[PDB]
Amino acid sequence: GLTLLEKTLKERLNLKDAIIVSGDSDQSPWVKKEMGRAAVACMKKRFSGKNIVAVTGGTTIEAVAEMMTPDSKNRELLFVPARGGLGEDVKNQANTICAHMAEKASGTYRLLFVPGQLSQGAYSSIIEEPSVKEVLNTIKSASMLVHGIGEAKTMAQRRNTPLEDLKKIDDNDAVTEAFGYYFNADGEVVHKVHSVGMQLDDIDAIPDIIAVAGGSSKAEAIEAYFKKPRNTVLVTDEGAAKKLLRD
Amino acid sequence: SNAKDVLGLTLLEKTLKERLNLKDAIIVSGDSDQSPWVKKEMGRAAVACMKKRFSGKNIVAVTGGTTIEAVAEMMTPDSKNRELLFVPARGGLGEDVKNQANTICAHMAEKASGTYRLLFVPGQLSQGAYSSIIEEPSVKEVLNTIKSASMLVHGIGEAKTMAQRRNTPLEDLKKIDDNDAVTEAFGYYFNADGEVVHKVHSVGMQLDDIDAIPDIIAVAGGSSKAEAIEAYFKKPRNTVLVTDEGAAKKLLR
Ligand SMILES: O=P(O)(O)OC[C@H]1O[C@@H](O)[C@H](O)[C@@H](O)[C@@H]1O
Ligand SMILES: O=P(O)(O)OC[C@H]1O[C@@H](O)[C@H](O)[C@@H](O)[C@@H]1O
């Protein structure tokens, strides 16, 4: 079963399960690929006959997508982004990762097409539109969520974060981020990126949540994110886990 | 080409060009309805055709569909490093996301190491929602770009197949059936004489606009498309066709 390290991590972070691959992805870049491989195997163990898989962007979930292969059980797979624009560049956007993962899985996918510099009026018009509402409804019915976790400062800087929001993130001592929410050390939301789709309150209804995040630089972010019960499986590496656990 | 010569394609292309009054005909071996690699070979041939026709600066309008996706897949950067901007020819045509022009456009531009501009004007907008969005600077910008397209690369489909693949409202299915549409290109359904009998309403390029595009490349093959290709070319289109033997031989038989 679990190693002592995995067992300790599960207990410390109140995880549904812990999956720890060897090495430190901050040292040892290819370790991110090994997290991806392990995450893909974890997803396959969890699939039901039909599945609606919501995904975030970021480089770690892109590694999940890169390691994705078709399901030998041939279960029904529909992929969607978890949320609309989060300010990421194209290679990091949930829409990009979603399409890549679905293609690799030989599944189907839907995208959220919500710009992106357009007006308030135009914005509200886009989100009321039938095809968009359809995708929003699909995300609301997700059976699985696969998501990254990042350091708050790092993520705020990588994205196109307004200066007033950077100030708010700093002033409120955000230390971690996931799916467009920034959290403090006690895992409480302190700032949220406005975006349609999945909300934090919605994750409780999703049967299988798999977080994929590692590297020693993220040990503090991961600990803080899991300070609240998330009922989540964490795929991580020794770099993060040993640092977090002081081992 | 000696390869084309020995395979009988040089003659077949001459015969097809003359039969359809094409600007030129490019035919690859085999039948894409039977052999999956033949579609990739159409893509490769289309890319060669595009590169031959690029100028210093290019605005390339593209449609969606699996055939133009194959063009995108076979695309490579321009060894001459000419300026390439890719745009979808029209907005939402009711395709699933994989087959949408926006999807093919992005893929093509990435493979060409060019730039792209997408058009997000959904087909199911209310009248009021539409008025709002059409005035957005970002939307006006893309529509304006499309208006200056220097090249169009488009697929051709059987009317019935396309009507079923897109989510076509019942009333429109009836109209397509009642007017005996046999072919489809860029959201227009045409009869056997190449006359428009149904138009999917959508912003961007309209049929009359193709006359101002100096280089138009249609990419479509497989035996199942022989009649559709023949019907589309019943009118002058000033177009180069890339196809396969499957479509060409059947059409010519
Ligand atoms: O995996 P990376 O590149 O460190 O990025 C992680 C972040 O990527 C973001 O875009 C996701 O929406 C977040 O869930 C995540 O925290
Ligand atoms: O290449 P396929 O998959 O046969 O699809 C062709 C059709 O794809 C549609 O999306 C295009 O707008 C048409 O120009 C074309 O007829």
# chains A, B, ... in the order shown; residues from 1 in each chain; ligands from 1
call {"tool": "interface_residues", "arguments": {"of": "chain B", "to": "chain A", "cutoff": "8 Å", "atoms": "only C-alpha atoms", "output": "list in words"}}
result
residues 97, 120, 122, 124, 125, 126, 129, 132, 133, 136 and 138 of chain B
call {"tool": "write_last_selection", "arguments": {"atoms": "N, CA, C and O atoms", "output": "mmCIF file, in the first residue's frame"}}
result
data_model
loop_
_atom_site.group_PDB
_atom_site.id
_atom_site.type_symbol
_atom_site.label_atom_id
_atom_site.label_comp_id
_atom_site.auth_asym_id
_atom_site.auth_seq_id
_atom_site.Cartn_x
_atom_site.Cartn_y
_atom_site.Cartn_z
ATOM 1 N N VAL B 97 -16.725 21.865 -31.559
ATOM 2 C CA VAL B 97 -15.518 22.699 -31.417
ATOM 3 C C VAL B 97 -14.296 22.171 -32.203
ATOM 4 O O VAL B 97 -13.549 22.946 -32.815
ATOM 5 N N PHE B 120 -15.242 35.288 -32.288
ATOM 6 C CA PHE B 120 -16.217 34.674 -31.396
ATOM 7 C C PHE B 120 -17.563 35.380 -31.471
ATOM 8 O O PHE B 120 -17.867 36.275 -30.664
ATOM 9 N N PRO B 122 -21.112 33.817 -31.704
ATOM 10 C CA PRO B 122 -21.946 32.628 -31.681
ATOM 11 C C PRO B 122 -23.196 32.797 -32.534
ATOM 12 O O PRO B 122 -23.769 33.880 -32.586
ATOM 13 N N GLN B 124 -26.210 31.567 -32.019
ATOM 14 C CA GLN B 124 -27.502 31.584 -31.311
ATOM 15 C C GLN B 124 -27.747 32.848 -30.468
ATOM 16 O O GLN B 124 -28.609 32.873 -29.581
ATOM 17 N N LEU B 125 -27.000 33.906 -30.772
ATOM 18 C CA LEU B 125 -27.194 35.196 -30.138
ATOM 19 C C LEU B 125 -28.590 35.737 -30.423
ATOM 20 O O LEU B 125 -29.090 35.639 -31.547
ATOM 21 N N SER B 126 -29.219 36.303 -29.399
ATOM 22 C CA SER B 126 -30.459 37.046 -29.597
ATOM 23 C C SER B 126 -30.140 38.271 -30.447
ATOM 24 O O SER B 126 -28.973 38.705 -30.500
ATOM 25 N N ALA B 129 -28.488 40.819 -28.209
ATOM 26 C CA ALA B 129 -27.126 40.356 -27.878
ATOM 27 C C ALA B 129 -26.186 40.557 -29.073
ATOM 28 O O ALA B 129 -25.031 40.986 -28.918
ATOM 29 N N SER B 132 -25.091 44.282 -29.726
ATOM 30 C CA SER B 132 -24.048 44.636 -28.775
ATOM 31 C C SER B 132 -22.694 44.118 -29.250
ATOM 32 O O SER B 132 -21.747 44.891 -29.420
ATOM 33 N N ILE B 133 -22.611 42.818 -29.503
ATOM 34 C CA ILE B 133 -21.318 42.186 -29.794
ATOM 35 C C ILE B 133 -20.679 42.643 -31.116
ATOM 36 O O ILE B 133 -19.465 42.850 -31.193
ATOM 37 N N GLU B 136 -18.388 45.617 -30.900
ATOM 38 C CA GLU B 136 -17.166 45.511 -30.106
ATOM 39 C C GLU B 136 -15.950 45.736 -30.986
ATOM 40 O O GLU B 136 -15.841 45.125 -32.033
ATOM 41 N N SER B 138 -13.001 44.632 -30.826
ATOM 42 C CA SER B 138 -12.276 43.388 -31.118
ATOM 43 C C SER B 138 -12.939 42.605 -32.251
ATOM 44 O O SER B 138 -12.270 42.006 -33.095
#
call {"tool": "residues_around", "arguments": {"residues": "residue 155 of chain A", "least_positions_apart": "5", "cutoff": "9 Å", "atoms": "only C-alpha atoms", "output": "PyMOL selection string"}}
result
chain A and resi 150+161+176-177
call {"tool": "residues_near_ligand", "arguments": {"ligand": "ligand 1", "cutoff": "9 Å", "atoms": "only C-alpha atoms and all ligand atoms", "output": "ChimeraX atom specification"}}
result
/A:32,55-63,82-83,86-88,92-94,146-152,154-155,159,176-181,211-214,218
call {"tool": "atom_distance", "arguments": {"atom1": "atom CA of residue 140 of chain A", "atom2": "atom CA of residue 233 of chain A"}}
result
20.1 Å
call {"tool": "select_by_dssp", "arguments": {"residues": "segment 18-214 of chain A", "states": "alpha helix (DSSP H)", "output": "count of residues only"}}
result
73
call {"tool": "residues_near_ligand", "arguments": {"ligand": "ligand 2", "cutoff": "8 Å", "atoms": "only C-alpha atoms and all ligand atoms", "output": "list in words"}}
result
residues 63, 64, 65, 66, 67, 68, 69, 93, 95, 99, 100, 101, 154, 155, 156, 157, 158, 162, 183, 184, 185, 186, 187, 219, 220 and 221 of chain B
call {"tool": "write_last_selection", "arguments": {"atoms": "N, CA and C atoms", "output": "compact mmCIF listing (two decimals), in the first residue's frame"}}
result
# COMPACT_ATOMS: atom_id res chain seq x y z
N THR B 63 -11.55 27.72 -43.46
CA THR B 63 -12.72 27.07 -42.88
C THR B 63 -12.30 25.96 -41.91
N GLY B 64 -13.29 25.39 -41.22
CA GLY B 64 -13.04 24.22 -40.39
C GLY B 64 -13.19 22.94 -41.19
N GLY B 65 -13.54 21.88 -40.47
CA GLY B 65 -13.69 20.55 -41.04
C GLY B 65 -12.42 19.73 -40.93
N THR B 66 -12.56 18.41 -41.07
CA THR B 66 -11.43 17.50 -40.91
C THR B 66 -10.36 17.67 -42.02
N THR B 67 -10.80 18.09 -43.20
CA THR B 67 -9.85 18.23 -44.32
C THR B 67 -8.91 19.41 -44.13
N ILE B 68 -9.46 20.57 -43.74
CA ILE B 68 -8.59 21.71 -43.49
C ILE B 68 -7.77 21.50 -42.21
N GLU B 69 -8.30 20.72 -41.25
CA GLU B 69 -7.46 20.31 -40.10
C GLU B 69 -6.22 19.53 -40.59
N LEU B 93 -20.61 28.28 -37.48
CA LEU B 93 -21.45 27.50 -38.43
C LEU B 93 -22.15 26.26 -37.84
N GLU B 95 -20.72 23.85 -36.14
CA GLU B 95 -19.81 22.70 -35.96
C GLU B 95 -19.50 22.49 -34.48
N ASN B 99 -14.14 20.80 -35.02
CA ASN B 99 -14.22 21.09 -36.45
C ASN B 99 -14.46 22.55 -36.81
N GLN B 100 -14.55 23.40 -35.79
CA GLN B 100 -14.78 24.83 -36.01
C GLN B 100 -13.61 25.53 -36.67
N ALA B 101 -13.91 26.53 -37.50
CA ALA B 101 -12.87 27.29 -38.17
C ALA B 101 -11.87 27.87 -37.16
N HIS B 154 -10.54 26.39 -48.16
CA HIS B 154 -11.82 25.88 -47.67
C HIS B 154 -12.09 24.43 -48.04
N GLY B 155 -12.93 23.76 -47.27
CA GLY B 155 -13.39 22.39 -47.59
C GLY B 155 -14.68 22.46 -48.43
N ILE B 156 -15.13 21.31 -48.89
CA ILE B 156 -16.41 21.15 -49.59
C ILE B 156 -17.00 19.88 -49.01
N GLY B 157 -18.31 19.88 -48.71
CA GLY B 157 -18.96 18.71 -48.12
C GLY B 157 -20.23 18.33 -48.85
N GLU B 158 -20.69 17.09 -48.68
CA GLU B 158 -22.02 16.71 -49.18
C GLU B 158 -23.05 17.44 -48.33
N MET B 162 -23.23 17.38 -44.09
CA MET B 162 -22.95 18.60 -43.36
C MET B 162 -24.15 19.04 -42.50
N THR B 183 -24.44 20.03 -52.23
CA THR B 183 -23.08 20.35 -51.80
C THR B 183 -23.09 21.51 -50.83
N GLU B 184 -22.00 21.67 -50.08
CA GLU B 184 -21.89 22.69 -49.05
C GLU B 184 -20.44 23.23 -49.05
N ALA B 185 -20.29 24.54 -48.92
CA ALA B 185 -18.98 25.14 -48.73
C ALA B 185 -19.16 26.41 -47.90
N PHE B 186 -18.32 26.57 -46.87
CA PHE B 186 -18.31 27.75 -45.96
C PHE B 186 -19.70 28.28 -45.52
N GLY B 187 -20.60 27.37 -45.15
CA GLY B 187 -21.93 27.75 -44.62
C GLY B 187 -22.96 28.11 -45.69
N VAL B 219 -10.07 22.17 -50.72
CA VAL B 219 -9.41 20.90 -50.42
C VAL B 219 -10.52 19.94 -50.01
N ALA B 220 -10.75 18.93 -50.83
CA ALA B 220 -11.90 18.02 -50.60
C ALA B 220 -11.71 16.78 -51.48
N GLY B 221 -11.91 15.61 -50.88
CA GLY B 221 -11.74 14.37 -51.64
C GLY B 221 -12.56 13.23 -51.10
call {"tool": "residues_around", "arguments": {"residues": "residue 169 of chain A", "least_positions_apart": "6", "cutoff": "10 Å", "atoms": "only C-alpha atoms", "output": "PyMOL selection string"}}
result
chain A and resi 152-153+156+161+163+175+182-184+190-192
call {"tool": "write_last_selection", "arguments": {"atoms": "N, CA and C atoms", "output": "mmCIF file, in the first residue's frame"}}
result
data_model
loop_
_atom_site.group_PDB
_atom_site.id
_atom_site.type_symbol
_atom_site.label_atom_id
_atom_site.label_comp_id
_atom_site.auth_asym_id
_atom_site.auth_seq_id
_atom_site.Cartn_x
_atom_site.Cartn_y
_atom_site.Cartn_z
ATOM 1 N N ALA A 152 1.006 31.702 -4.359
ATOM 2 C CA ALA A 152 0.168 32.887 -4.655
ATOM 3 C C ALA A 152 0.880 33.965 -5.463
ATOM 4 N N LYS A 153 2.051 34.385 -4.991
ATOM 5 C CA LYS A 153 2.825 35.445 -5.651
ATOM 6 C C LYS A 153 3.185 35.047 -7.094
ATOM 7 N N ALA A 156 0.086 35.051 -9.325
ATOM 8 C CA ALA A 156 -0.412 36.412 -9.539
ATOM 9 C C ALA A 156 0.448 37.131 -10.574
ATOM 10 N N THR A 161 -2.424 39.994 -13.731
ATOM 11 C CA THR A 161 -3.143 40.480 -12.566
ATOM 12 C C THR A 161 -3.071 42.004 -12.422
ATOM 13 N N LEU A 163 -2.869 45.671 -10.882
ATOM 14 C CA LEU A 163 -2.088 46.126 -9.738
ATOM 15 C C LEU A 163 -2.917 46.230 -8.456
ATOM 16 N N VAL A 175 -1.019 32.852 0.254
ATOM 17 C CA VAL A 175 0.182 32.031 0.115
ATOM 18 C C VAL A 175 0.014 30.940 -0.940
ATOM 19 N N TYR A 182 -7.257 32.579 -4.484
ATOM 20 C CA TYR A 182 -6.063 32.773 -3.684
ATOM 21 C C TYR A 182 -6.430 32.610 -2.203
ATOM 22 N N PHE A 183 -5.615 31.844 -1.473
ATOM 23 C CA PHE A 183 -5.888 31.487 -0.082
ATOM 24 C C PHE A 183 -4.739 31.894 0.841
ATOM 25 N N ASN A 184 -5.072 32.197 2.101
ATOM 26 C CA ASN A 184 -4.051 32.478 3.107
ATOM 27 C C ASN A 184 -3.513 31.187 3.738
ATOM 28 N N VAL A 190 -8.929 34.515 0.174
ATOM 29 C CA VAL A 190 -8.776 35.960 0.358
ATOM 30 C C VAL A 190 -8.993 36.789 -0.903
ATOM 31 N N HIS A 191 -8.941 36.140 -2.069
ATOM 32 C CA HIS A 191 -9.189 36.851 -3.319
ATOM 33 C C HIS A 191 -9.599 35.826 -4.339
ATOM 34 N N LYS A 192 -10.489 36.220 -5.229
ATOM 35 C CA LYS A 192 -10.956 35.325 -6.261
ATOM 36 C C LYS A 192 -10.925 36.038 -7.611
#
call {"tool": "atom_distance", "arguments": {"atom1": "atom CA of residue 23 of chain B", "atom2": "atom CA of residue 148 of chain B"}}
result
21.1 Å
call {"tool": "atom_distance", "arguments": {"atom1": "atom CA of residue 164 of chain A", "atom2": "atom CA of residue 95 of chain A"}}
result
26.5 Å
call {"tool": "residues_around", "arguments": {"residues": "residue 211 of chain B", "least_positions_apart": "4", "cutoff": "9 Å", "atoms": "only C-alpha atoms", "output": "mmCIF file with N, CA and C atoms, in the first residue's frame"}}
result
data_model
loop_
_atom_site.group_PDB
_atom_site.id
_atom_site.type_symbol
_atom_site.label_atom_id
_atom_site.label_comp_id
_atom_site.auth_asym_id
_atom_site.auth_seq_id
_atom_site.Cartn_x
_atom_site.Cartn_y
_atom_site.Cartn_z
ATOM 1 N N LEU B 207 -20.488 34.888 -49.628
ATOM 2 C CA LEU B 207 -20.173 34.322 -50.950
ATOM 3 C C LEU B 207 -19.646 35.371 -51.946
ATOM 4 N N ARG B 237 -15.568 29.781 -59.998
ATOM 5 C CA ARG B 237 -15.122 30.054 -58.606
ATOM 6 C C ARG B 237 -13.680 30.579 -58.557
ATOM 7 N N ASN B 238 -13.009 30.632 -59.714
ATOM 8 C CA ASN B 238 -11.581 31.036 -59.794
ATOM 9 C C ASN B 238 -10.757 30.385 -58.701
#
call {"tool": "closest_residue", "arguments": {"among": "B:96, B:180, B:141, B:135", "to": "residue 167 of chain B", "atoms": "only C-alpha atoms"}}
result
B:96
call {"tool": "residues_around", "arguments": {"residues": "segment 30-45 of chain B", "least_positions_apart": "5", "cutoff": "6 Å", "atoms": "only C-alpha atoms", "output": "list in words"}}
result
residues 70, 71, 74, 222, 245 and 246 of chain B
call {"tool": "select_by_dssp", "arguments": {"residues": "segment 3-167 of chain B", "states": "strand (DSSP E)", "output": "MDAnalysis selection string"}}
result
chainID B and resid 24:28 57:62 83:88 115:116 151:154 157:158
call {"tool": "write_last_selection", "arguments": {"atoms": "N, CA and C atoms", "output": "short mmCIF file (atom, residue, chain, number, x, y, z; two decimals), in the first residue's frame"}}
result
data_model
loop_
_atom_site.label_atom_id
_atom_site.label_comp_id
_atom_site.auth_asym_id
_atom_site.auth_seq_id
_atom_site.Cartn_x
_atom_site.Cartn_y
_atom_site.Cartn_z
N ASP B 24 -6.60 25.46 -61.34
CA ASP B 24 -5.69 24.32 -61.43
C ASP B 24 -6.28 23.19 -60.60
N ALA B 25 -5.83 21.98 -60.91
CA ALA B 25 -6.24 20.78 -60.18
C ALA B 25 -4.99 20.05 -59.67
N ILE B 26 -5.01 19.65 -58.41
CA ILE B 26 -3.92 18.90 -57.83
C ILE B 26 -4.58 17.64 -57.26
N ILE B 27 -4.15 16.46 -57.72
CA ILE B 27 -4.77 15.21 -57.27
C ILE B 27 -3.71 14.29 -56.67
N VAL B 28 -4.00 13.77 -55.48
CA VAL B 28 -3.13 12.82 -54.80
C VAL B 28 -3.68 11.41 -55.00
N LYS B 57 3.10 39.61 -47.79
CA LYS B 57 2.22 39.76 -46.66
C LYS B 57 0.93 39.06 -47.00
N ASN B 58 0.44 38.27 -46.05
CA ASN B 58 -0.70 37.40 -46.30
C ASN B 58 -1.72 37.42 -45.18
N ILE B 59 -2.99 37.47 -45.56
CA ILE B 59 -4.09 37.25 -44.63
C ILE B 59 -4.84 36.06 -45.19
N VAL B 60 -4.76 34.95 -44.46
CA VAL B 60 -5.22 33.67 -44.96
C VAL B 60 -6.53 33.30 -44.20
N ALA B 61 -7.65 33.25 -44.91
CA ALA B 61 -8.91 32.91 -44.28
C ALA B 61 -9.08 31.40 -44.44
N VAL B 62 -9.51 30.72 -43.39
CA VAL B 62 -9.70 29.27 -43.43
C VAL B 62 -11.07 28.84 -42.93
N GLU B 83 5.12 37.24 -44.14
CA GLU B 83 4.19 37.60 -43.07
C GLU B 83 2.88 36.84 -43.23
N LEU B 84 2.53 36.06 -42.21
CA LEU B 84 1.32 35.22 -42.21
C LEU B 84 0.39 35.48 -41.02
N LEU B 85 -0.83 35.90 -41.34
CA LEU B 85 -1.90 36.14 -40.38
C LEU B 85 -3.07 35.27 -40.83
N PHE B 86 -3.50 34.38 -39.95
CA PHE B 86 -4.59 33.45 -40.24
C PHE B 86 -5.87 33.88 -39.50
N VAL B 87 -7.00 33.78 -40.20
CA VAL B 87 -8.30 34.14 -39.57
C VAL B 87 -9.34 33.10 -40.03
N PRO B 88 -10.37 32.87 -39.22
CA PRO B 88 -11.48 32.05 -39.71
C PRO B 88 -12.25 32.84 -40.78
N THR B 115 0.72 34.27 -37.07
CA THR B 115 -0.17 34.82 -36.05
C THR B 115 -1.61 34.54 -36.47
N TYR B 116 -2.53 34.69 -35.52
CA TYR B 116 -3.94 34.43 -35.81
C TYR B 116 -4.84 35.39 -35.07
N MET B 151 -6.04 35.17 -49.29
CA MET B 151 -6.13 33.73 -49.59
C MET B 151 -7.29 33.16 -48.83
N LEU B 152 -7.96 32.18 -49.44
CA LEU B 152 -9.00 31.42 -48.74
C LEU B 152 -8.68 29.95 -48.92
N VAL B 153 -8.70 29.19 -47.84
CA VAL B 153 -8.51 27.73 -47.94
C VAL B 153 -9.75 27.09 -47.35
N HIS B 154 -10.54 26.39 -48.16
CA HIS B 154 -11.82 25.88 -47.67
C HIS B 154 -12.09 24.43 -48.04
N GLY B 157 -18.31 19.88 -48.71
CA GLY B 157 -18.96 18.71 -48.12
C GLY B 157 -20.23 18.33 -48.85
N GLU B 158 -20.69 17.09 -48.68
CA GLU B 158 -22.02 16.71 -49.18
C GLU B 158 -23.05 17.44 -48.33
#
call {"tool": "closest_residue", "arguments": {"among": "A:43, A:166, A:219, A:9", "to": "residue 70 of chain A", "atoms": "only C-alpha atoms"}}
result
A:43
call {"tool": "residues_around", "arguments": {"residues": "residue 82 of chain B", "least_positions_apart": "2", "cutoff": "10 Å", "atoms": "only C-alpha atoms", "output": "PyMOL selection string"}}
result
chain B and resi 51+54-58+77-80+84+114
call {"tool": "residues_around", "arguments": {"residues": "residue 208 of chain A", "least_positions_apart": "3", "cutoff": "9 Å", "atoms": "only C-alpha atoms", "output": "PyMOL selection string"}}
result
chain A and resi 43+46-47+143-146+231-233
call {"tool": "write_last_selection", "arguments": {"atoms": "N, CA, C and O atoms", "output": "PDB file, in the first residue's frame"}}
result
ATOM      1  N   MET A  43      -6.541   8.836 -12.486  1.00  0.00           N
ATOM      2  CA  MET A  43      -7.787   9.160 -13.193  1.00  0.00           C
ATOM      3  C   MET A  43      -8.461   7.890 -13.716  1.00  0.00           C
ATOM      4  O   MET A  43      -9.670   7.680 -13.530  1.00  0.00           O
ATOM      5  N   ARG A  46     -10.407   5.818 -11.349  1.00  0.00           N
ATOM      6  CA  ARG A  46     -11.582   6.505 -10.834  1.00  0.00           C
ATOM      7  C   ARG A  46     -12.730   6.622 -11.823  1.00  0.00           C
ATOM      8  O   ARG A  46     -13.867   6.911 -11.413  1.00  0.00           O
ATOM      9  N   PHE A  47     -12.441   6.440 -13.120  1.00  0.00           N
ATOM     10  CA  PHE A  47     -13.492   6.579 -14.109  1.00  0.00           C
ATOM     11  C   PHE A  47     -14.633   5.620 -13.864  1.00  0.00           C
ATOM     12  O   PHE A  47     -14.430   4.446 -13.528  1.00  0.00           O
ATOM     13  N   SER A 143     -17.927  15.009 -13.057  1.00  0.00           N
ATOM     14  CA  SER A 143     -17.713  13.875 -12.146  1.00  0.00           C
ATOM     15  C   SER A 143     -16.278  13.829 -11.605  1.00  0.00           C
ATOM     16  O   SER A 143     -15.973  13.115 -10.649  1.00  0.00           O
ATOM     17  N   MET A 144     -15.395  14.602 -12.219  1.00  0.00           N
ATOM     18  CA  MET A 144     -13.996  14.625 -11.832  1.00  0.00           C
ATOM     19  C   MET A 144     -13.440  16.022 -12.066  1.00  0.00           C
ATOM     20  O   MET A 144     -13.850  16.708 -13.005  1.00  0.00           O
ATOM     21  N   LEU A 145     -12.528  16.432 -11.194  1.00  0.00           N
ATOM     22  CA  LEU A 145     -11.792  17.666 -11.364  1.00  0.00           C
ATOM     23  C   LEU A 145     -10.323  17.321 -11.248  1.00  0.00           C
ATOM     24  O   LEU A 145      -9.920  16.668 -10.292  1.00  0.00           O
ATOM     25  N   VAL A 146      -9.526  17.787 -12.203  1.00  0.00           N
ATOM     26  CA  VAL A 146      -8.058  17.630 -12.111  1.00  0.00           C
ATOM     27  C   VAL A 146      -7.471  19.030 -12.146  1.00  0.00           C
ATOM     28  O   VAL A 146      -7.700  19.781 -13.112  1.00  0.00           O
ATOM     29  N   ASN A 231     -11.309  16.774   0.542  1.00  0.00           N
ATOM     30  CA  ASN A 231     -11.645  15.428   0.045  1.00  0.00           C
ATOM     31  C   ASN A 231     -10.950  15.095  -1.272  1.00  0.00           C
ATOM     32  O   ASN A 231     -11.576  14.553  -2.194  1.00  0.00           O
ATOM     33  N   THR A 232      -9.660  15.416  -1.361  1.00  0.00           N
ATOM     34  CA  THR A 232      -8.933  15.415  -2.635  1.00  0.00           C
ATOM     35  C   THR A 232      -7.779  14.401  -2.635  1.00  0.00           C
ATOM     36  O   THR A 232      -7.169  14.161  -1.581  1.00  0.00           O
ATOM     37  N   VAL A 233      -7.515  13.783  -3.790  1.00  0.00           N
ATOM     38  CA  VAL A 233      -6.321  12.953  -3.970  1.00  0.00           C
ATOM     39  C   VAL A 233      -5.189  13.871  -4.443  1.00  0.00           C
ATOM     40  O   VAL A 233      -5.346  14.610  -5.439  1.00  0.00           O
TER      41      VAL A 233
END
call {"tool": "decode", "arguments": {"residues": "segment 186-197 of chain A", "atoms": "N, CA, C and O atoms", "output": "PDB file, in the first residue's frame"}}
result
ATOM      1  N   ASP A 186      -4.233  29.682   6.357  1.00  0.00           N
ATOM      2  CA  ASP A 186      -5.241  28.859   7.058  1.00  0.00           C
ATOM      3  C   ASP A 186      -6.207  28.252   6.037  1.00  0.00           C
ATOM      4  O   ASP A 186      -7.235  27.688   6.411  1.00  0.00           O
ATOM      5  N   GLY A 187      -5.855  28.393   4.754  1.00  0.00           N
ATOM      6  CA  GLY A 187      -6.645  27.892   3.649  1.00  0.00           C
ATOM      7  C   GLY A 187      -7.954  28.636   3.384  1.00  0.00           C
ATOM      8  O   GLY A 187      -8.823  28.103   2.706  1.00  0.00           O
ATOM      9  N   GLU A 188      -8.090  29.858   3.918  1.00  0.00           N
ATOM     10  CA  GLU A 188      -9.279  30.690   3.688  1.00  0.00           C
ATOM     11  C   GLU A 188      -9.133  31.527   2.425  1.00  0.00           C
ATOM     12  O   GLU A 188      -8.063  32.086   2.170  1.00  0.00           O
ATOM     13  N   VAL A 189     -10.196  31.619   1.623  1.00  0.00           N
ATOM     14  CA  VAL A 189     -10.148  32.435   0.400  1.00  0.00           C
ATOM     15  C   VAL A 189      -9.923  33.880   0.788  1.00  0.00           C
ATOM     16  O   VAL A 189     -10.625  34.410   1.648  1.00  0.00           O
ATOM     17  N   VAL A 190      -8.929  34.515   0.174  1.00  0.00           N
ATOM     18  CA  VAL A 190      -8.776  35.960   0.358  1.00  0.00           C
ATOM     19  C   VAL A 190      -8.993  36.789  -0.903  1.00  0.00           C
ATOM     20  O   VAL A 190      -9.161  38.009  -0.830  1.00  0.00           O
ATOM     21  N   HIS A 191      -8.941  36.140  -2.069  1.00  0.00           N
ATOM     22  CA  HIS A 191      -9.189  36.851  -3.319  1.00  0.00           C
ATOM     23  C   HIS A 191      -9.599  35.826  -4.339  1.00  0.00           C
ATOM     24  O   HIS A 191      -9.133  34.709  -4.318  1.00  0.00           O
ATOM     25  N   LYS A 192     -10.489  36.220  -5.229  1.00  0.00           N
ATOM     26  CA  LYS A 192     -10.956  35.325  -6.261  1.00  0.00           C
ATOM     27  C   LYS A 192     -10.925  36.038  -7.611  1.00  0.00           C
ATOM     28  O   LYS A 192     -11.389  37.168  -7.733  1.00  0.00           O
ATOM     29  N   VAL A 193     -10.330  35.387  -8.605  1.00  0.00           N
ATOM     30  CA  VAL A 193     -10.429  35.842  -9.978  1.00  0.00           C
ATOM     31  C   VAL A 193     -11.865  35.632 -10.424  1.00  0.00           C
ATOM     32  O   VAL A 193     -12.410  34.540 -10.279  1.00  0.00           O
ATOM     33  N   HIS A 194     -12.476  36.703 -10.919  1.00  0.00           N
ATOM     34  CA  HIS A 194     -13.802  36.640 -11.495  1.00  0.00           C
ATOM     35  C   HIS A 194     -13.714  35.806 -12.769  1.00  0.00           C
ATOM     36  O   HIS A 194     -12.883  36.077 -13.640  1.00  0.00           O
ATOM     37  N   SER A 195     -14.527  34.755 -12.835  1.00  0.00           N
ATOM     38  CA  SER A 195     -14.607  33.921 -14.037  1.00  0.00           C
ATOM     39  C   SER A 195     -15.788  32.953 -13.967  1.00  0.00           C
ATOM     40  O   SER A 195     -16.043  32.356 -12.918  1.00  0.00           O
ATOM     41  N   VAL A 196     -16.472  32.753 -15.093  1.00  0.00           N
ATOM     42  CA  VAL A 196     -17.621  31.840 -15.129  1.00  0.00           C
ATOM     43  C   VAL A 196     -17.148  30.381 -14.979  1.00  0.00           C
ATOM     44  O   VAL A 196     -15.968  30.094 -15.145  1.00  0.00           O
ATOM     45  N   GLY A 197     -18.068  29.476 -14.661  1.00  0.00           N
ATOM     46  CA  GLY A 197     -17.721  28.057 -14.519  1.00  0.00           C
ATOM     47  C   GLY A 197     -17.721  27.665 -13.062  1.00  0.00           C
ATOM     48  O   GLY A 197     -18.421  28.275 -12.237  1.00  0.00           O
TER      49      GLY A 197
END
